[PDB]
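Novice: return a 3D structure for these sequence lines:
(chains A, B, C, D, E, F and G)
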Amino acid sequence: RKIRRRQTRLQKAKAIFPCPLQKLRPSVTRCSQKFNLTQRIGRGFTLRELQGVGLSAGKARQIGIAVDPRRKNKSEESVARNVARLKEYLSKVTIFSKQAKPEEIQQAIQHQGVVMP
Amino acid sequence: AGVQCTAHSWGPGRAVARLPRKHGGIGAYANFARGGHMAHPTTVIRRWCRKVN
Amino acid sequence: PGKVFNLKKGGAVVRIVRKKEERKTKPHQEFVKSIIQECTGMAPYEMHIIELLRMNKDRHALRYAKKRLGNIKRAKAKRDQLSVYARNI
Amino acid sequence: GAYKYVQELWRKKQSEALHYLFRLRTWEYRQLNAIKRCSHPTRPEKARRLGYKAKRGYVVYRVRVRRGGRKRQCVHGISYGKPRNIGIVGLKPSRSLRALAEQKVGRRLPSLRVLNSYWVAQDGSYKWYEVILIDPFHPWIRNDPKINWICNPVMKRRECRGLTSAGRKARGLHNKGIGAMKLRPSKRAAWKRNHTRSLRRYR
Amino acid sequence: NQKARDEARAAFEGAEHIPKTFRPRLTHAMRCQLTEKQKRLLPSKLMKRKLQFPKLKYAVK
Amino acid sequence: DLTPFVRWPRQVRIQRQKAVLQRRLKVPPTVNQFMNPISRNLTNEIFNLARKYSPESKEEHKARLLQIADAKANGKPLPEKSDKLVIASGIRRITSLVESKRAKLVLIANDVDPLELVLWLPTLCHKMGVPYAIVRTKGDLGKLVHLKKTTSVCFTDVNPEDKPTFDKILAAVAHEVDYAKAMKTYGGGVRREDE
RNA sequence: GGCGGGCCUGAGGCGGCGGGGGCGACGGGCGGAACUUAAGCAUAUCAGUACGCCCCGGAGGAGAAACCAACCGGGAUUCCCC
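Specialist: Numbers count the residues shown, from 1 in each chain, chains lettered A, B, ... in the order given. Please see the structure below:
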């Protein structure tokens, strides 16, 4: 099974050579008093933090930012961890356009592993 | 394996040894019988791997 | 219990999700409930409650409403809503 | 501003006007067959909450289910065996009469795939439910995108399998959240997940 | 018979309601399966969004 | 004769029996208004006024498809389809028009499939003040709009040339139809001896 | 009473198209045991299992909160580790 998934996962990679397989998700405070200090990968950046970066909800998904309208911002500090997260991604992203320019796309470093760990 | 066949014990007083038997009276369902299930069947549920730290 | 004890609970500012633009029945929902009530009329369980109020006062009227509607909060509202019809005839 | 008013008239079914039209209708369905084809959805509004639309390829059929506590069937009404399982006169059906009405109309009409069911009339002796069914073969249904997924073979005879509405309530899916953890995929499936014994080889 | 099959095909050709033997064999499931295009078909309201926010190739270092 | 004792098929018998049960039962007033509609001469004089407006014919719909729609590449405008004051039908539209008050005469039909569909229209008419009439057959009201059957047809702003006739029509309805008197009827159950 | 039209609930025939049955697994819904265990047996237990029944797929079922949580909180389902 490990190999089966590994082969399947690399097939996904070549179906989309430009984009990394796993999208960037936000750091969310782990729940319950015992896990208060650590942060974890979360379902989606909330609509509020996304509008702080300045991107519409649809545009973010296209760029690979997952937007979950279920999560509520709650703490103001939660807005801080996620808005900067989105910022560090929007700078580290290069969006190919003009139909398709072949030589540039061929030299693409796909980010294997979850984005911005 | 071995449990596929059908045998209801002939039982005591018929002079047959007491062992499950087929319609004719042939040995079945016993480790000592020909064609019977090995009493303790081998197992695929074994600790094939012995882990090391 | 169900709360941990940090005398100084609160190290991050909290925004309160609230109201969600708290709305109302609005003009149409109430108007329609008037349109149908005008033609169809009051249900029999309601009629008994109103008739209890002209003579008896509450008590047994709430008791019939708890049995018919199944919860006191719905019943307290029903007894009160029904009373408006009671003080006219 | 139209179907809203009918829904309100359907919020009072004890009122004089809504009893009279109910007497006429329940009397008539008693002098009619158990699975009878109805050209018009008797209640037009309720149909559109369930999904019915008046494009051809949609048929409304009315089932009559008798109302009673289940009586287990055994020779001479005795379940031979341990005392806990003796019982043939007060058992209660585990599938609601709405779901049974949906399975019923499916056995006499297999080609059509039923959607959900709307209650029409009821008496003491017999209840009546009307189930909207959609014919997968009629062209308009396949081409229209919204109802196209029913035509997929996976959704064939959903009624019997338990993909109907009163069926999802029957397995308790209609109850989500804690208090329903043990039925999330299915009760028989859940039993296997917890009871599964797996030996990790490299542990 | 080979000559007979082709001659009938010409007569019942490019026509609706062909005779069954001529119709492509397939498996039972394929004969009754939806056409691929109709499966792709989406409600028009749902379709507008796909064009409005289309896929974009992006990479993160 | 032998005609009276003829055993009709079950469908004929059940449909006949429903009428007998209905005429002998209580008949609450809200349903009683539908049972007794406006007089035939009055129906003729509103029906005659419907014919003068009304939407296009089915052949006219085909004529629009072949020329108005197919050759629009040669042209350009979309609504050269008739734009003349027209009766509308259908409960969703009629109720929005009646609630709007823009409508003048509502012509609801005496027979319905579920009576629930137009039970709450007569009250709506007297709450927004709209004059209303119950007339014979949803089908012979459907003919006015050319659809197979219409629960209700709403007279509209109306052409000014027809406005003097329209005012006479409205007045006659204003005596024959009264919302409150009809709510005090409670129907009837005439027995076999009366027949 | 007669006759002809419209609507509505039905009656036959035609045309096209579906539907039925099979598979020792997996899968979904029911109906449903007892031997056993409790050193006896009734509640328990075996077991929401055997078996009976109906239905589908290449996976099905499940699924985008009338949801957990009580925290410096999470966020559809599905699976796996604990």
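Novice: all helices in chain E, in order from the N-terminus.
Specialist: With DSSP state H, the ranges of helices along chain E come out as E:2-11, E:28-32, E:36-40, E:44-52.
Novice: and RNA strand G, is the last one touching that?
Specialist: It refers to helix E:44-52. No: under the criterion of Cβ under 7 Å from any atom of the strand, helix E:44-52 makes no contact with RNA strand G; the nearest approach is 14.0 Å. C-beta here means a position set from N, CA and C on the backbone, and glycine is covered the same way.
Novice: and that helix, how far from the chain's centre?
Specialist: Centroid separation between helix E:44-52 and its chain, computed with Cα atoms, centre = their mean, to the nearest Å, is 23 Å.
Novice: stretch F:85-103 now?
Specialist: Between the centre of stretch F:85-103 and the centre of its chain there are 12 Å (Cα atoms, centre = their mean).
Novice: kindly report the same for stretch F:136-155.
Specialist: For stretch F:136-155, the distance between its averaged C-alpha position and the chain's averaged C-alpha position is 5 Å (Cα atoms, centre = their mean).
Novice: please apply the same query to stretch A:33-40.
Specialist: Relative to the chain's own centre, stretch A:33-40 is displaced by 21 Å; criterion: Cα atoms, centre = their mean.
Novice: now do the same end-to-end measure for it.
Specialist: The separation between the terminal residues of stretch A:33-40, taken as Cα to Cα, to the nearest Å, is 15 Å.
Novice: need the contact partners of it.
Specialist: Counting contacts by Cβ atoms under 8 Å, 6 or more residues apart in numbering or on different chains, the residues outside stretch A:33-40 that touch it are A:27-30, A:81, C:4.
Novice: that stretch close to RNA strand G?
Specialist: Yes: Stretch A:33-40 lies within reach of RNA strand G by Cβ under 7 Å from any atom of the strand, at A:33, A:36-37, A:40.
Novice: return the subset of the residues you listed lying in strands.
Specialist: Under the assignment DSSP state E, the residues of stretch A:33-40 next to RNA strand G contribute residue A:40 to strands.
Novice: among the residues of stretch A:33-40 next to RNA strand G, name the buried ones.
Specialist: Judged by neighbour count, with 16 or more other Cβ atoms under 10 Å in any protein chain shown as the criterion, no member of the residues of stretch A:33-40 next to RNA strand G is buried.
Novice: mind listing what residue D:166 touches?
Specialist: Shown here is residue D:166, whose contacts under the criterion Cβ under 8 Å, 6+ apart are D:95-96, D:98-99, D:102, D:116-117.
Novice: bridging residues for the spatially most central residue of chain A?
Specialist: Computing the C-alpha centroid of chain A and ranking residues by Cα atoms, centre = their mean puts residue A:24 first, at 1.4 Å. Note on residue A:24: beta-bridge partners by DSSP bridges are residue A:65.
Novice: from chain B, how far off is it?
Specialist: As for residue A:24, its distance to chain B is 36 Å (criterion: Cβ to the nearest Cβ, to the nearest Å).
Novice: can you select the buried ones from the contacts of residue D:166 in PyMOL?
Specialist: Burial among those is assessed by 16+ other Cβ under 10 Å; the matching PyMOL selection reads:
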select buried, chain D and resi 95+96+98+99+102+116+117
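Novice: hang on, the earlier thing: pretty sure the residue nearest to the centre of chain A sits against residue A:65.
Specialist: Yes: under the criterion of Cβ atoms under 8 Å, residue A:24 makes contact with residue A:65 at 6.2 Å.
Novice: contacting residues for residue E:25?
Specialist: If you count contacts by Cβ under 8 Å, 6+ apart, then residue E:25 has nothing around it.
Novice: hang on, the earlier thing: out of the helices of chain E, which comes closest to chain C?
Specialist: Across the helices of chain E, chain C has its closest neighbour in helix E:44-52 (24.8 Å, Cβ to the nearest Cβ).
Novice: now for the spatially closest residue to residue D:12 that is not a sequence neighbour, how many residues are close by?
Specialist: Once its chain neighbours are removed from consideration, residue D:12 has its nearest residue in residue C:40; the separation is 5.0 Å (Cβ to Cβ, 6 or more residues apart in numbering or on different chains). Residue C:40 sits with 24 neighbouring residues when counted by other Cβ atoms under 10 Å in any protein chain shown.
Novice: what helix or strand is residue B:24 on?
Specialist: Here residue B:24 sits in a region with no helix or strand, counting by DSSP states H and E.
Novice: separation between it and residue C:6?
Specialist: Residue B:24 sits 82 Å away from residue C:6, taking Cβ to Cβ, to the nearest Å as the criterion.
Novice: out of these two, which sits in the busier spot?
Specialist: Set side by side, residue B:24 and residue C:6 give different neighbour counts by other Cβ under 10 Å, the larger being at residue C:6 (10 against 5).
Novice: what residues does chain A have near RNA strand G?
Specialist: Along chain A, the residues adjacent to RNA strand G under the rule Cβ under 7 Å from any atom of the strand are A:28-33, A:36-37, A:40, A:42-44, A:68, A:70-72, A:74-75, A:77-78.
Novice: let's see that with 10 Å instead.
Specialist: A:25-37, A:39-46, A:66, A:68-82 (Cβ under 10 Å from any atom of the strand).
Novice: phi and psi next, for the closest residue to chain B within chain F.
Specialist: With Cβ to the nearest Cβ, the shortest gap between chain F and chain B falls at residue F:10, namely 57.4 Å. Here the main-chain torsion angles of residue F:10 (degrees, to the nearest 10) amount to phi -60, psi -40.
Novice: what's the closest non-adjacent residue to it?
Specialist: In this structure, residue F:10 finds its nearest non-sequential neighbour in residue D:31, 7.7 Å apart by Cβ to Cβ, 6+ apart.
Novice: neighbours of residue F:52, how many?
Specialist: With other Cβ under 10 Å as criterion, residue F:52 counts 13.
Novice: quick one: the helices in chain F, in order.
Specialist: F:10-24, F:29-35, F:40-51, F:58-63, F:91-100, F:121-127, F:139-145, F:163-176, F:179-183.
Novice: hmm, I was thinking of chain B
Specialist: Remark: helices of chain B are absent; assignment by DSSP H.
Novice: can you give me the strands for it?
Specialist: When assigned using DSSP E, the strands of chain B occupy the ranges B:8-9, B:20-21.
Novice: can you check chain D too?
Specialist: Taking DSSP E as the criterion, chain D carries its strands at D:35-38, D:58-66, D:113-122, D:126-134.
Novice: distance to chain B added to those strands, as CSV?
Specialist: Converted to CSV, those look like this (distance: least, Cβ to the nearest Cβ, whole Å):
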stretch, distance to chain B
strand D:35-38, 46
strand D:58-66, 45
strand D:113-122, 42
strand D:126-134, 47
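Novice: out of these, which gets nearest to residue D:52?
Specialist: For those, the distance to residue D:52 is smallest for strand D:126-134, at 4.2 Å, taking Cβ to Cβ.
Novice: and the closest one, is it in reach of RNA strand G?
Specialist: No: with Cβ under 10 Å from any atom of the strand as the measure, strand D:126-134 is seen stopping short of RNA strand G, the closest distance being 11.7 Å.
Novice: where does the residue nearest the centre of chain C land in three-state SS?
Specialist: Centre of chain C computed as the mean C-alpha position; nearest residue by Cα atoms, centre = their mean is residue C:77, 3.6 Å away. Classification of residue C:77 using DSSP: H, G, I helix; E, B strand; the rest coil returns helix.
Novice: residue D:136 versus that one, what's the distance?
Specialist: Residue C:77 sits at a distance of 47 Å from residue D:136 (criterion: Cβ to Cβ).
Novice: what number of residues lie near the residue nearest to residue F:127 when sequence neighbours are not counted?
Specialist: Using Cβ to Cβ, 6+ apart and skipping the chain neighbours, the partner closest in space to residue F:127 is residue C:35 (6.3 Å). The number of residues packed near residue C:35 is 20, by other Cβ under 10 Å.
Novice: show me what contacts residue C:35?
Specialist: Residues in contact with residue C:35, defined by Cβ under 8 Å, 6+ apart, are D:5, D:8, F:120, F:123-124, F:127.
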